[PDB]
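Here is the structure we will look at.
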Amino acid sequence: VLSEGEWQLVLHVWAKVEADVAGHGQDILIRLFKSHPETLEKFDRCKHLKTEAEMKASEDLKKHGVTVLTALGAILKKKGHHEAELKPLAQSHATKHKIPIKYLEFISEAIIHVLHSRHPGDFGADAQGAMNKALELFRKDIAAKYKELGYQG
Ligand code: HEM
Ligand SMILES: */C(=C/C(=O)O)C(=O)Nc1cc2cccnc2c2ncccc12
Ligand SMILES: O=C(O)/C=C\C(=O)Nc1cc2cccnc2c2ncccc12
Numbered sequence: 001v002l003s004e005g006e007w008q009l010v011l012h013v014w015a016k017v018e019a020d021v022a023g024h025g026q027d028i029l030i031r032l033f034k035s036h037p038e039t040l041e042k043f044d045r046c047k048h049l050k051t052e053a054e055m056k057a058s059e060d061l062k063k064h065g066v067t068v069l070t071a072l073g074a075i076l077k078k079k080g081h082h083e084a085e086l087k088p089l090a091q092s093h094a095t096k097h098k099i100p101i102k103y104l105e106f107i108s109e110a111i112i113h114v115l116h117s118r119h120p121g122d123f124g125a126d127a128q129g130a131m132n133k134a135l136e137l138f139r140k141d142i143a144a145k146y147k148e149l150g151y152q153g
């Protein structure tokens, strides 16, 4: 459980993401793929890491980054009351895409990295810790739903 104050720190920095969801999404996915290139294998080959400029020019990558951050922002605004939003995400990510929790840890790391790089004034230790707790709760709850669907990843 997060405190109300911790939720507020989470949603305060999230409002900065909402000013430009696509740009944040691009930086987060580029960080993910550079730091953990194996995560490209969950998409069509082109399993090969392209240059940063090719990733920034990609209409498909920019769309993916907005798909992710739209869904995650709706989850964070529920302040832990997110069973109904996690249900369809667990369904697809466990049964169709097959995304292991360790890849959700990787993308959580990439989100925290970009938020710290772009908004340090809104992302000191207390806010970083609140965002860490919020993303740990997301991963814990999605993992329990994965198991309910028979996926142990
Ligand atoms: C914060 C974490 C994430 C969120 C909120 C998220 C959200 C979404 C949403 C909303 C969709 C579209 C609807 C659907 O298929 O469920 C989607 C599709 C997808 N996601 Fe995720 N995702 C996350 C993490 C990841 C990660 C880490 C990977 C891979 C390493 C991944 C792989 C996919 C794939 C392969 C698709 C299908 C894309 C396509 O067919 O074009 N997701 N995701
Ligand atoms: C590969 C690269 C290119 O520029 O031709 C390619 O099109 N394959 C591919 C990679 C990829 C990576 C991350 C997310 N989504 C994708 C793709 N999505 C749809 C079709 C192909 C994709
Ligand atoms: O565009 C597509 O049709 C498929 C994906 C893909 O990654 N192609 C590439 C394949 C490679 C193989 C070996 C080394 N480098 C690369 C490479 N380097 C940069 C950008 C793209 C690629």
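Residues 1 to 153 (the deposited numbering) are what the sequence shown spells out, left to right.
We treat Cβ as the ideally placed atom computed from N, Cα and C, and that holds for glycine.
Straight-line gap, residue i to residue j (C-alpha atoms, nearest Å)
i, j, result
"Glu41", "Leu49", "10 Å"
"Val68", "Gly25", "8 Å"
"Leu89", "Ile30", "22 Å"
"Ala125", "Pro100", "28 Å"
"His93", "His113", "23 Å"
"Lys102", "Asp20", "27 Å"
"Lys62", "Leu9", "26 Å"
"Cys46", "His64", "15 Å"
"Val13", "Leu86", "22 Å"
"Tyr146", "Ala22", "28 Å"
"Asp141", "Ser3", "18 Å"
"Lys16", "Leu72", "14 Å"
"residue 155", "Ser117", "What the structure shows of the chain is the stretch from 1 to 153, and residue 155 is not part of that stretch, so it cannot be assessed."
"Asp122", "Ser35", "24 Å"
"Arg139", "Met55", "26 Å"
Classification of residue i by the beta-carbon crowding that lies within 10 angstroms, buried from 16 upward
i, result
"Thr51", "exposed"
"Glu18", "exposed"
"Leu149", "exposed"
"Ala74", "exposed"
"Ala130", "buried"
"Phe33", "buried"
"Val1", "exposed"
"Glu6", "buried"
"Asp60", "exposed"
"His81", "exposed"
"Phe43", "exposed"
"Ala84", "exposed"
"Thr39", "buried"
"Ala110", "buried"
"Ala57", "exposed"
"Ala144", "exposed"
Self-check item: Complete runs of the alpha helix (DSSP H) confined to the stretch 89-125 [at least 4 residues]
Solution: 101-118
Quiz item: Can you list every residue whose CB sits closer than 5 Å to some heavy atom of ligand 3, going in chain order?
Solution: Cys46, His48, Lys50
Practice problem: Please specify which runs of the beta strand (DSSP E), each continuous and at least 3 residues long, are wholly inside the stretch 55-84, giving them in chain order. | Solution: none
Self-check item: Around ligand 1, Cβ to any heavy atom closer than 5 Å, ordered along the chain
Solution: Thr39, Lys42, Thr67, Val68, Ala71, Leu72, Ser92, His97, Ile99, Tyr103, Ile107
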